[PDB]
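What follows is a set of notes on a single structure, which appears directly below.
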Amino acid sequence: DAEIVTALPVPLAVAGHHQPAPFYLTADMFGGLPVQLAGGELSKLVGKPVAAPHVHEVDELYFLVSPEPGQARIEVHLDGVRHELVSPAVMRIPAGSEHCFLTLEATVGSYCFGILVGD
Amino acid sequence: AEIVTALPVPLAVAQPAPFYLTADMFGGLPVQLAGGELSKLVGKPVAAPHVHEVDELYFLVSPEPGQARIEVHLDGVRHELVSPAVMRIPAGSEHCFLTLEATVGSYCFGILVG
Ligand SMILES: C[C@H](c1ccccc1)[C@H](N)C(=O)O
Ligand SMILES: C[C@H](c1ccccc1)[C@H](N)C(=O)O
Ligand SMILES: [Fe+3]
Ligand SMILES: [Fe+3]
């Protein structure tokens, strides 16, 4: 009766990303969604970027969260300017902006989610 | 740069729930997103059924797969979900969830879909 998805994450290729990105919401789920949502736990990603700088033609939000504030930190490169985000934080990356992030600090249970907004 | 750090945003929903994305952020968003860490939600024994006028997605995650577990009550049917899991609650459906098990760093996010 209910619509449940547990074949997760869905690996999808994203521009500049070395490996497929783990998606938990995709545009085709449930008859159609206005967002896609990818990302994961950061504790094993400190110092290791998941992508080269890249551009989308949709807006992307970085959602950085951790069990306690301040336990996670990423550096977002935005058109050659570096911004440090401290959990909890939400950053909007406008479509067409060159961008990527580097994990600076993360405990177990720190996440960064990328949310592609459908336009 | 557009960065929001005054988070979570306490909003009343059917206590205030902690929101990390609200509909008015960044000139308007097609979703709202609430939720929080589940390790401190294992202990309370009850949850209240409620209804929204939009679809809500439950998004259940944990640092390692299988480390978090909830019961989703949907119109009198009990569903036991294990992380990672996403469940769609159609608008108008009476629903709630109860946390059965969670390691530190497990989350359930409620995503209201416009
Ligand atoms: C969606 C994708 C992503 C976000 C967070 C974690 C993994 C992958 C994004 N394009 C990016 O890395 O900026
Ligand atoms: C917004 C609220 C919530 C969802 C997930 C996590 C915390 C709070 C939701 N209405 C529900 O509990 O179903
Ligand atoms: Fe991106
Ligand atoms: Fe709800």
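Ligands are numbered from 1 in the order shown, residues from 1 within each chain, and chains are lettered A, B, ... in the order they appear in the structure tokens.
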
Residues of chain A that approach chain B to 10 Å or less, counting only C-alpha atoms: could you list each one with the shortest pair of atoms and its distance in Å to one decimal, rows by chain and increasing residue number, as CSV?
```
residue,atom,partner,partner_atom,distance
A:1,CA,B:77,CA,9.8
A:2,CA,B:88,CA,7.1
A:3,CA,B:88,CA,5.6
A:4,CA,B:87,CA,4.5
A:5,CA,B:86,CA,5.1
A:6,CA,B:85,CA,4.7
A:7,CA,B:85,CA,7.9
A:8,CA,B:84,CA,6.3
A:9,CA,B:84,CA,7.5
A:24,CA,B:86,CA,7.4
A:25,CA,B:86,CA,8.0
A:29,CA,B:88,CA,9.6
A:30,CA,B:88,CA,7.4
A:33,CA,B:113,CA,7.7
A:34,CA,B:30,CA,6.5
A:35,CA,B:30,CA,7.8
A:40,CA,B:63,CA,8.0
A:41,CA,B:63,CA,5.8
A:42,CA,B:63,CA,8.9
A:43,CA,B:63,CA,8.8
A:61,CA,B:3,CA,9.6
A:62,CA,B:3,CA,9.3
A:63,CA,B:20,CA,8.1
A:64,CA,B:20,CA,9.6
A:65,CA,B:20,CA,9.0
A:66,CA,B:105,CA,7.0
A:67,CA,B:105,CA,5.7
A:68,CA,B:37,CA,9.2
A:69,CA,B:7,CA,9.6
A:78,CA,B:1,CA,8.4
A:81,CA,B:1,CA,9.5
A:83,CA,B:1,CA,8.4
A:85,CA,B:3,CA,8.3
A:86,CA,B:5,CA,8.1
A:87,CA,B:5,CA,8.0
A:88,CA,B:7,CA,6.2
A:89,CA,B:5,CA,4.8
A:90,CA,B:4,CA,5.1
A:91,CA,B:3,CA,4.4
A:92,CA,B:2,CA,5.6
A:93,CA,B:2,CA,7.8
A:94,CA,B:2,CA,9.2
A:107,CA,B:105,CA,8.9
A:108,CA,B:105,CA,6.5
A:109,CA,B:105,CA,3.7
A:110,CA,B:105,CA,6.9
A:111,CA,B:63,CA,8.7
A:117,CA,B:30,CA,7.7
A:118,CA,B:30,CA,8.5
A:119,CA,B:30,CA,9.2
```

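Listed by chain and then by rising number, the residues of region 22-59 of chain A that DSSP assigns to strand (DSSP E) from the backbone are residues 22, 23, 24, 25, 35, 36, 37, 38, 39, 40, 41 and 59 of chain A.
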
Of the listed residues B:100, B:94, B:43, B:69, that which approaches residue 56 (chain B) most closely, counting only C-alpha atoms: B:94

Compile a residue-level contact table for chain A against ligand 1 at a cut-off of 7 Å, reporting for every qualifying residue the shortest atom pair and its distance in Å to one decimal, with only C-alpha atoms and all ligand atoms counted, rows ordered by chain and ascending number, as a tab-separated table.
```
residue	atom	partner	partner_atom_place_in_ligand_line	distance
A:14	CA	ligand 1	10 (N)	6.0
A:15	CA	ligand 1	10 (N)	6.9
A:17	CA	ligand 1	12 (O)	6.9
A:21	CA	ligand 1	8 (C)	5.1
A:22	CA	ligand 1	7 (C)	6.7
A:37	CA	ligand 1	1 (C)	6.6
A:38	CA	ligand 1	1 (C)	4.9
A:39	CA	ligand 1	6 (C)	3.5
A:40	CA	ligand 1	6 (C)	6.0
A:50	CA	ligand 1	12 (O)	6.3
A:51	CA	ligand 1	12 (O)	5.8
A:62	CA	ligand 1	4 (C)	6.8
A:99	CA	ligand 1	13 (O)	6.6
A:100	CA	ligand 1	13 (O)	5.0
A:101	CA	ligand 1	13 (O)	6.5
A:112	CA	ligand 1	5 (C)	5.4
A:113	CA	ligand 1	5 (C)	4.6
A:114	CA	ligand 1	4 (C)	3.6
A:115	CA	ligand 1	1 (C)	6.2
A:116	CA	ligand 1	1 (C)	6.6
```

Ligand 2 neighbours within 7 Å using only C-alpha atoms and all ligand atoms, as a ChimeraX atom specification: /B:13-14,17-18,34-36,58,95-97,108-110

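Taking CA of residue 16 (chain B) and CA of residue 32 (chain A) as endpoints, the distance between them is 29.1 Å.
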
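Coordinates place CA of residue 27 (chain B) at a distance of 22.3 Å from CA of residue 77 (chain A).
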
Smallest atom-to-atom distance to ligand 3: which of A:53, A:80, A:20, A:47, using only C-alpha atoms and all ligand atoms? A:53

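When only C-alpha atoms and all ligand atoms are used to compute distances to ligand 3, the closest of the residues A:70, A:96, A:31, A:11 turns out to be A:96.
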
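The shortest atom-to-atom distance to ligand 3, with only C-alpha atoms and all ligand atoms taken into account, belongs to A:16 out of A:45, A:106, A:16, A:72.
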
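What separates CA of residue 93 (chain B) from CA of residue 50 (chain B) is a distance of 8.0 Å.
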
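The smallest atom-to-atom distance between residue 101 (chain B) and any of B:23, B:33, B:70, B:11, using only C-alpha atoms, is found for B:70.
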